[PDB]
Engineer: 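First, the structure itself, so that you have it in front of you.
Lettering of chains follows the sequences in order, A, B, ..., and the numbering in each one begins at 1.
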Amino acid sequence: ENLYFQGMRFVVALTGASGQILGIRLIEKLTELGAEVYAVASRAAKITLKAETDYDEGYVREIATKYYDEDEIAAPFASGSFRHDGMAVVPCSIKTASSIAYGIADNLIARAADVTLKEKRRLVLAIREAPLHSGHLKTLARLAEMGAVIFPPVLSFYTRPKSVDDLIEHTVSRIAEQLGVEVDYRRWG
Amino acid sequence: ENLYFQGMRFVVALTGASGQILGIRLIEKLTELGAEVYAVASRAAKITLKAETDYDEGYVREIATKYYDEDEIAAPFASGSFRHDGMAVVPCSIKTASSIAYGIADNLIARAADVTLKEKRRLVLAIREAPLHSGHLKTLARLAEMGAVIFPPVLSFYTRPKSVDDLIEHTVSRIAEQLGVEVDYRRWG
Amino acid sequence: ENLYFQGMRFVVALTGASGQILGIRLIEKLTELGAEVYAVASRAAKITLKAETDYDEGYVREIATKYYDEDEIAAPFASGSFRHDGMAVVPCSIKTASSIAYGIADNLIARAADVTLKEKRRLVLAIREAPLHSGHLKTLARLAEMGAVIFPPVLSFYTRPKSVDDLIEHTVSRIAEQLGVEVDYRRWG
Amino acid sequence: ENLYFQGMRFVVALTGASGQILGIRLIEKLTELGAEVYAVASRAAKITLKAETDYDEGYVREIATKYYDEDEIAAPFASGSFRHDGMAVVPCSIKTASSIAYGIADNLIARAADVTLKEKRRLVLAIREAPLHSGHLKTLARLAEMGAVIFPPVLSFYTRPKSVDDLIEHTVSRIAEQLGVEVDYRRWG
Amino acid sequence: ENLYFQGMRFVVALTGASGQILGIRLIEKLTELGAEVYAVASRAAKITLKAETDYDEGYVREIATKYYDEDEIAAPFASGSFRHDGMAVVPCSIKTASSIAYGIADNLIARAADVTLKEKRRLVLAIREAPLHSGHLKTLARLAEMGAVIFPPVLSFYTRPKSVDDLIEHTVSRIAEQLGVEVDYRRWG
Amino acid sequence: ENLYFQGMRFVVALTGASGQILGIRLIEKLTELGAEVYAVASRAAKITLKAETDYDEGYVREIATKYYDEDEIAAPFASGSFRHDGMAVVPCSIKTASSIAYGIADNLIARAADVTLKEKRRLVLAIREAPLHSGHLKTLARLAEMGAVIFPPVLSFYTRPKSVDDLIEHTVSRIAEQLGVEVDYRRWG
Amino acid sequence: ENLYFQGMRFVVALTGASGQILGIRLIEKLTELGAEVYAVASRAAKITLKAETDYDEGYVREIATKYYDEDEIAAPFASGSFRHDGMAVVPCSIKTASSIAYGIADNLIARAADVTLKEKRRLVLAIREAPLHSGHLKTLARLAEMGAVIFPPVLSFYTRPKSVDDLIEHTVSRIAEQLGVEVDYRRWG
Amino acid sequence: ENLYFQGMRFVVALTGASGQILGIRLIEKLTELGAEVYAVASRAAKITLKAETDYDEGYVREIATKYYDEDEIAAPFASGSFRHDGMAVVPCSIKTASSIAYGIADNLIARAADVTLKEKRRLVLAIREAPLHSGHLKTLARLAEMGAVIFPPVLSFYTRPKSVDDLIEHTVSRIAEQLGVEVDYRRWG
Amino acid sequence: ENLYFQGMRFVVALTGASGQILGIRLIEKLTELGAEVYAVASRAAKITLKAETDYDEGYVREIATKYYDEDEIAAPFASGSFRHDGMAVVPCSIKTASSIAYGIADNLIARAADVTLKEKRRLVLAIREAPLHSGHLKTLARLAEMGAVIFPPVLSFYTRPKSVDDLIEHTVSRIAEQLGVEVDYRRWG
Ligand SMILES: Cc1cc2nc3c(=O)[nH]c(=O)nc-3n(C[C@H](O)[C@H](O)[C@H](O)COP(=O)(O)O)c2cc1C
Ligand SMILES: Cc1cc2nc3c(=O)[nH]c(=O)nc-3n(C[C@H](O)[C@H](O)[C@H](O)COP(=O)(O)O)c2cc1C
Ligand SMILES: Cc1cc2nc3c(=O)[nH]c(=O)nc-3n(C[C@H](O)[C@H](O)[C@H](O)COP(=O)(O)O)c2cc1C
Ligand SMILES: Cc1cc2nc3c(=O)[nH]c(=O)nc-3n(C[C@H](O)[C@H](O)[C@H](O)COP(=O)(O)O)c2cc1C
Ligand SMILES: Cc1cc2nc3c(=O)[nH]c(=O)nc-3n(C[C@H](O)[C@H](O)[C@H](O)COP(=O)(O)O)c2cc1C
Ligand SMILES: Cc1cc2nc3c(=O)[nH]c(=O)nc-3n(C[C@H](O)[C@H](O)[C@H](O)COP(=O)(O)O)c2cc1C
Ligand SMILES: Cc1cc2nc3c(=O)[nH]c(=O)nc-3n(C[C@H](O)[C@H](O)[C@H](O)COP(=O)(O)O)c2cc1C
Ligand SMILES: Cc1cc2nc3c(=O)[nH]c(=O)nc-3n(C[C@H](O)[C@H](O)[C@H](O)COP(=O)(O)O)c2cc1C
Ligand SMILES: Cc1cc2nc3c(=O)[nH]c(=O)nc-3n(C[C@H](O)[C@H](O)[C@H](O)COP(=O)(O)O)c2cc1C
C-alpha cells in the first residue's frame, strides 16, 4: 500500500508476554502494506505461542521478510550502521522492557532495541503487565526518557468491537501508527 | 457468595475513559457476590456510555446499592470516618488518575479516592490510555507511591478468550482480586 | 488598632474544608484591627458553612470590605499589578492547596494565591486534612518551596483553653501573625 | 469492647508537644475497649504535662497496662521479636518525628517506633507543629515513605463540637482508627 | 501447627549466595508448621550447596511440597492469578535481588518475585553480601519502595546462641515472622 | 605481625547493637597484629555487653591501647589534626550509623567517625539490623556516598564454620580487611 | 546606636565549635548598639571556652540581657508566639547545624532555631568545620532551603587585618549584617 | 618491569564490544611488565574476536597467567576475600557495564567486577558505544558513583599516531595508568 | 623534609578570592619540605594580590618551581598523562570552584583541576565566600561527589593563635594535610 514506495523496513520482536497474536498480526499488517519486516521471537515468546495459540512454531518465520532467533547477536540490525525505519516489541514483557531500559542487552531483541534508541530511531514497546508496581513505573519512565513509545495494549471500546479480532485490529493499527505508518482503520476522527 | 458474610462494601466510580462496560460488569460482579456497591459516574463517563454502548442512562443507578453523581461532594464516603473496604475507578481516565495523584479533589470521585488513600484503604485504578508519555508515567509513579493499585486494562490471551465478553470477564475478575475479592474465574494457576 | 495606620489590606479566602469559623473569625479580627479584607468563599466553602455552622449565607459578604465569589476571575487581585499585603486561605482544602501548588488556577482563589506567590507577597494556607499521605506531603513541600506558609490548624493546649472559642482565638491569632500582623493574644512568651 | 477478644496490645508514647491530653485520652480509650497499652512518656512530655494540665505526674503510669520511662532502652518492644499491634506517638514533637525519620533512635520512644516500622507494624504519629517549614515537610514525607501514618491533630468542626472535650474525643477517635481500632463515635458517615 | 488451619502456601527460592542452610531450614520449618512450600533453587544455588554443605542434590525437592527448577517459567506462581501467601528468597544473591528490583525477570525466581510484588503479596529477601556499596544500596532502596522486606541475615547474639544451629534457628525464625508466620522461638520479648 | 612495622593505629568503637563480641574480637585481633587500638564503648554498648555476654565491664578498657567513654568529646581523635589509620564501629547500631550520616555528632563515637570521614580516612560500619526499611537504606546510601564502608555482619558459610567462634573469626577478619589490614584467615581464594 | 530605637532583640547561641570569641564578641557588639541579647551556651561550648580561651565561665551570662542553659527547653523563645528579630548560632558546630536541619530539636538551641525558621525569622549559622564532606554539604543545602543564612567564618584579608582581633571584628560585623544590623565597619564599599 | 617487585595481579575481562585488540594488548602489556593477569572472555567477546580479528580462539588463554570462561562463577576472584590489585573490562559492552551498574551479576565478569567494587579495589571500564543515550549516561553515572573508572576508548591524536597500532598503544597505556600502573609511553607531559 | 625522598610535585593555583597569602604560604611550605610546585595565578588573583598585600607581582613566579599564567592552556599538567601528586586551589573563588564543578574548563586552572579529578588525583579547594547560598552549596556538593576536598579556610582558635600569621600557619598546614603531606604543626592531637 503506502510503505513500499519509500521501501520501509521494520524490526518486529515478539517476547514472552501474553498477546502473541498482536505481534503476528502486526507483522501481517506491515508486510501487506509493502514494508519489509525483520522478525525475532524470544524463547519465552515461542513458549507463550504454544500455550495460548494454535499457531505453528514456524509461522512467524514464514510471514517475515527475514527471521532471526534471539541468540543471533550478530544480525544486521545489531549495529547502528544498519538502516531501518523503526522497531516494535509486540507483545513486550517486563523482562525485555526492563532489559532495554537498563542496558542489559544480552540478546538480539534487547540489543536491537538499544541500537534503535541510540540512533534516535522509533521504538514502540507494547508492554503487557497488570498491575504495574512502582519499580515497573520507574522503568517505563526511564524508557520514555530514552525516547521509546510506551503502548500498554489496553482494551478499547470506542470503535464498537464485536469480536476479539476487532480488538486486535484496533490495537495493532494503533501500534502501527506509532511507527509512523498511516494505516487505514476505524478512528474516532 | 463470599462477600456478604463479612458484609463488604465498595465504592466503584466510572470516569470518561473507554471501557464503561468494565465498570458496569465490575458492579454486577461485586453485587452478585453479596457486597454493597456505592457507585458514582462522572459526566464524561455518561457521555462515553452513550458513545460506545447501548446501556440506558439509568442502568448504573439501577444496579448499584446507592448511586451518587460526581457533584455530590458531601456523600458519606467523602469523609475518612465512613467505613468501606476499597474503591475502584473503572475505567479510569488520565484526568481522574492525575486529579487523585496531585490532590485536585474537585469532585466526589477524586475526593473519595483521596479519602481512600489517606485512610490506607485499597484503591484500584483501571487507567486506560495509550501511549503513556513521561508525564503520565510520573503521575502513575506518584499514585503507586501513595498506595494505589495501577491496573492498565490490558488485553490478555492466556485464558484462551473466544469473545469480547471473555476478555471483559478476565479483566474484571483480575481487578476484583485487587480489591481483596477472591473471585472464581479461569486462572493460569 | 495597628493595621489602619499603614492601611493594610488582605485577601482572605474560605474553601471547602472543615473550620469555616476560622476564616470568619480571621476576617473579623483583621477588620477590627483596621485592615481592609477582600474576601472570597468557594462553592464548597458555602456548603460546609451550612453543614457545620448556623451562620447566614451572607455573613462573610457582610463583614468583608469587598466580597467576591470564586468565579469572579477578573477581580482586582487576580493581577499582580494590584497591591495588597498578603493572602490567607482559611480553612484550606487539599483541593485548593494542590491547585495552587501545581498551577491549576481555575478559579479566583487559586489564581489570587498564584498571583500572591509570583509577586513574593505573603500567602498563608491553613491546610486542614488528616492523615496526610505522601502525595499531600509532596504537595505541601512544593508550596513551601514556592514561599507559602503551611499552617495546619492544630489543637494547641499551652494557653490553657477552656472553650472551643479559646482554641479558635489562639489558632486565628497565630495565623494572623503569619501575615505580619502583630496581634495581641496570650503567648507562651 | 472489641479489642480484648483478639487481645490487642498497643504502644502509646507521649512526647514534649502540646496536647498531652490527647495521649492520656487515647490510653484511656484503648484500655476501656479492652486492649493492653504499654505506655512511655518522655522527659519533655512530663514537663509539658505540668505546664498545660493539672494531671498528677503518676497518672499515665496508673492508667497504662505497663509503664516505661524513655531511658528504658531494653524494654520488651525495643526488639522486633516482641509482638504488638501498633504504636501511636500522641502528641508527637518535631524532635521525635525527626528522630524516627532519620534513625536517631537514642531513647525508647524512637527505638520502639523504628522497630514498629521495620517489622511493618502500624505507627501513627500525631505530629503537632505549625507552621511546618520545608525541612519539616521533607521529614514527614520520609516518614510516610517508611510507612508511618502522619496525623496532624487538626481542628475539626463537622461533628458540631460544643466543648474542648468534644474536639479531643473526635481527634482521639480518629487516631484510634489509624491503629485499626473500630471505635464508636460520631462520624460524617 | 498454626499454618494448616488457614492452609497457607509459600514460595521459597534458594539462590547462589552463601547460606543455603537458611533456605533449607526455612522450608523445613514452614512444612513442619503445616504450610505448603513451593520451592525453587537456581543453578548457582545448587553449586553453592555442593561447595558449602553435604546435602544431597535432591534434598530440597524431597522436603518441598512441589519443586521447580529456575527455567520452569510457566510454573503456576509465574502468574498473578495463582494464589499464595508470600514468597521468600533465602539466601538472596545480589544478582537475584537486583534482577527483581529492575525487572530483569528472566527466570522463575525473579518472575515469581515480581508477580508477588505486583499483586501486593509479601516478599522477603534474605540478601547476603558485605560490604554493600552505593549501587547495592540504591537497589535495596528500590526494592523496599516496591514493598519487599529487606532482611540481611545478620549475626544475632541477644538469644545467647551456643552453636551454629542456634544462629540459624534465630535467623530462620525471624525471616518466617516477615511472612506473617507466628513462629515460636526465643525472643527478646 | 604486619601492623607494627608501619605503626598502625585504629579507632574501634562499640555501640548498642547485638554483637559486642565482634568488636571485642576485632580489638583483640588488631592488637595481636601489633596495631594500637583507641577504643570507645557507648553506654548502650555497655548495657548490651551485660545482656548478651559474660564479659567484665572493664575488659575493653583492659585490651585497648587507650580507652575513652562516649562523653570524652575532647579525646585526641575528635580533631582531624590527629593522625590515625582508620575507624571501625563494630557492632554499629542504627542510631550511631544515622547520627554519623546526618551529622548528629553529639558524642565521641559520632564525632570521631565524622572526623574520620571529613579527612578521607577509612571508616567501616558493621551495621546490625534486620529488616532494614527504606529510611535505613536511604541513610546507608548517604553514608556510602560520604565514603564509609557498609558491612552488615552477615552469616557466611563458605568457609565451613563449625562453631559460633568460627563465624565470628570470619566476620572479624573480613571487617579487618576493610581497614586495609592484610589479616591471615581462610578465604575462598 | 541604631538598634534600641526599634528595640531589637536577638537570640545568640554558642555551640561547641572553635571560635567562642566570635559569639562573645557578637553579643558584645549587639548590646553596645542597644539591642537585647538572649544568650544560650551549650555544654560543649562551655568546654571549648575553657580549652581555647581565658574567659570566665560566667562571662556570657554577665554580658547577655538574659541567659539560658541548653536544657531550658521552656525558655520564652522556644515558642513561635514569642517575638524576636533573629537568631545567630556563633560559632555553629556540625552537630547543631545538623540537628536544626533534620529537626533533632532536643535542646533549647536547636528548638529555638527551628522556631526561628518556622516563623520565617532570620537565622544565621556560623558553621565552622573543614573539610566539609558530601554529607555536610547536603545538610547545609537543606538548611539554606529552610531559609537559614550559611556563614562559614572564613579568613578575610581585603580589609588589611593586622591582628587576630581585626579578623574577629570583620567576621563579627559581617555576621551582624546577616541579622539586618547596619553595623559600622571597614567595608570594601 | 615495575609490577613484579610488588607482585601485582590484575583481572582483565574481554566482553562483546568492538576492540578485542585493546584487551589483548593490555594483557600483553601487563604481563610484560611482570604482573599476573587472570583473564576472562565472554561468549560475545569470542564472537567479536572472530568477526574483527585473525587471532586464534586460544590466544587469550595462552598469554594470560590463568584463564577462565564466563560461566566459571566459582573462580577465586568471585569472592572479596581473594586479593588482587584491580580489574579492567577492555573492551566493555553496554551489556556488561549495565550489568555491573545494576547488580545483574549473572556471570564471572559481572560478579568479579561487583566484588572489585564492594572491596573498594580499582575497576576500569573501557566502555565502547556511540552514540550514548540518556539511559547509557545514567548507567555510567551510577558506575562512577560506585567508584568505577569510566574510560571510553576515544581517538587521540596529540601523540601524532602514524598507525592503528600507535592508537592502540596510547589507549592501552592510558587504561593501564587507571590501574595504578606507571607505564612508560609518549605523554603530553 | 619528607617530600623530596619520594620526589613529590604539586600544582598550586591562586585565584581571585581574598587570602592570596594562603596560597603564597602554601607554596613556601611545600617547597621548603622539598616538593616541586608548579604554580599558576589567575588575572583576578594578581588584582587581589595588589589590593590586599604588598607582595611584588613576581614573587609567586620566584618561589615556584615552574610558573604558568592562566592562559597557558598547553602546560604539561593540562593533560592527564602528566604525572603529579595533587593540586590545590588556594584561595579558591566561587568562579573557579564552579567552573571546575560544571566543566567550564576555559583556562589552565580549571582544566588542570578537571584533569586532576578525572585521573582520581587529589584536588583541594580552599573555597572562600560567605554567606554561601543554595546554588553555592549545590556546586560544592557536586565537587565533593567528583572527589574534591572542600576546605573553607575557617577561623580556628583551638591552637591559641596570637597573630594573623598563626592563623595562616594553621590553615596552610591543614590544607597541606589534605594533599597527603605529613606537615609538622601544632595539633589538637
Ligand atoms: C504463558 C506465559 C505468559 C506470560 N505473560 C507475561 C506477560 O504478559 N508479561 C510479562 O512481563 N511476563 C509474562 N510472562 C513471563 C515472561 O515470559 C518471562 O519474564 C520471560 O523471562 C520473558 O522473557 P523474554 O522477554 O525474553 O521473552 C509469561 C510467561 C508465561 C509462561
Ligand atoms: C468517547 C470518549 C472516550 C474517551 N476515552 C478516554 C480514555 O480512554 N482515556 C482518557 O484519559 N480520556 C478519555 N477521554 C477524555 C476524557 O473523557 C476527558 O479527559 C474527561 O475530562 C475525563 O473526565 P472524568 O475523569 O471526570 O470522567 C475520552 C473522551 C471521549 C469523548
Ligand atoms: C462537610 C465537608 C467537609 C469537608 N472537609 C474537608 C477538609 O477538611 N479538607 C479537605 O481537603 N476537603 C474537605 N472536604 C472536601 C472538599 O470540600 C472538596 O475537595 C472540594 O472540592 C474543595 O473545593 P474548594 O477548595 O474549591 O472549596 C469537605 C467536604 C464536605 C462536604
Ligand atoms: C510547653 C512546651 C510545649 C512544646 N510544644 C511543642 C510542640 O507542640 N511541638 C514540638 O515540636 N515541640 C514542642 N516543644 C519542644 C519540645 O518539647 C522539644 O523539642 C523536646 O526536646 C522534645 O523532646 P521529646 O520528643 O523527646 O519529648 C514544646 C516545649 C514546651 C516546653
Ligand atoms: C560459593 C559461592 C558463594 C557465593 N556467594 C554469594 C553471596 O553470598 N552473595 C552474592 O551476591 N553472590 C554470591 N555468589 C555469586 C552468585 O552465585 C552469582 O552472582 C550468581 O550468578 C547468582 O545467581 P542466582 O541469583 O540466579 O542464584 C557466590 C558464588 C559462589 C560460587
Ligand atoms: C539488648 C539490646 C540489643 C540491641 N540491639 C540493637 C541492634 O542490634 N541494632 C540497633 O540498631 N539497635 C539495637 N539496640 C537499640 C540501641 O541500643 C539503641 O538504639 C541505642 O540508643 C543505641 O545507642 P548507641 O549507638 O549510642 O550505642 C539494642 C538494644 C538492646 C537493649
Ligand atoms: C576543643 C573542641 C573543639 C571543637 N571544635 C568543633 C568545630 O570546630 N566544629 C564542629 O563541628 N565540632 C567541633 N567540636 C566537637 C563538638 O563540640 C561536638 O560535636 C559537640 O557534640 C557539639 O555539641 P553542641 O553543638 O551541642 O555544642 C569540638 C570539640 C572540642 C572538644
Ligand atoms: C561484531 C559485534 C560487535 C559488537 N560491538 C558492541 C559494542 O561495541 N558495544 C556494545 O555495547 N555492544 C556491542 N555488541 C553487542 C554485544 O556483543 C551484546 O550486547 C552482547 O550481549 C554483550 O555481551 P557480553 O558483555 O557478555 O560480552 C557487538 C556485537 C557484535 C556481534
Ligand atoms: C579584592 C577582591 C576580592 C575578591 N574576593 C573574592 C572572594 O573572596 N571569593 C569569591 O568568590 N570572589 C571574590 N572576588 C571576585 C572574583 O575575583 C571574581 O569572581 C573573579 O572573576 C574570579 O576569577 P578567578 O577565579 O579566575 O581568579 C574578589 C574580587 C576582588 C576584586
Engineer: Does A/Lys118 reach the main-chain N or O of H/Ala130 with its side chain, forming a donor-acceptor pair under 3.5 Å?
Structural biologist: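 Checked: pair present.
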
Engineer: Would you say OH of H/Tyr158 has more than 12 non-hydrogen atoms from neighbouring residues, nucleotides or ligands within 6.0 angstrom?
Structural biologist: yes

Engineer: Can you see which heavy atom on H/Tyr102 is nearest to which on A/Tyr102, and at what distance?
Structural biologist: CE1-O, 3.5 Å

Engineer: Tell me the residues of residues 43-82 of chain H whose non-hydrogen atoms fall below 4.5 Å from those of chain A, in number order.
Structural biologist: H/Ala44, H/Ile47

Engineer: Write out, in numerical order, the residues from residues 136-157 of chain H with a heavy atom short of 4.5 Å from a heavy atom in chain A.
Structural biologist: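 At a heavy-atom separation under 4.5 Å, chain A is reached by H/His136, H/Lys138, H/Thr139.
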
Engineer: Are more than 12 heavy atoms from other residues, nucleotides or ligands located less than 6.0 Å from atom OH of A/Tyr185?
Structural biologist: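 Count over threshold, so yes.
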
Engineer: Run the numbers on A/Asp114 and H/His133 for side-chain contact (heavy atoms from CB on, under 4.5 Å), then give the verdict.
Structural biologist: CA-CA 9 Å; A/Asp114 202 34; H/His133 53 55; 2.7 Å; yes

Engineer: Might you confirm whether atom CZ of A/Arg187 has over 12 heavy atoms from other residues, nucleotides or ligands at distances under 6.0 Å?
Structural biologist: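 Correct, the count exceeds 12.
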
Engineer: H/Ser98 side chain to A/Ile104 main-chain N or O, any donor-acceptor pair under 3.5 Å?
Structural biologist: no

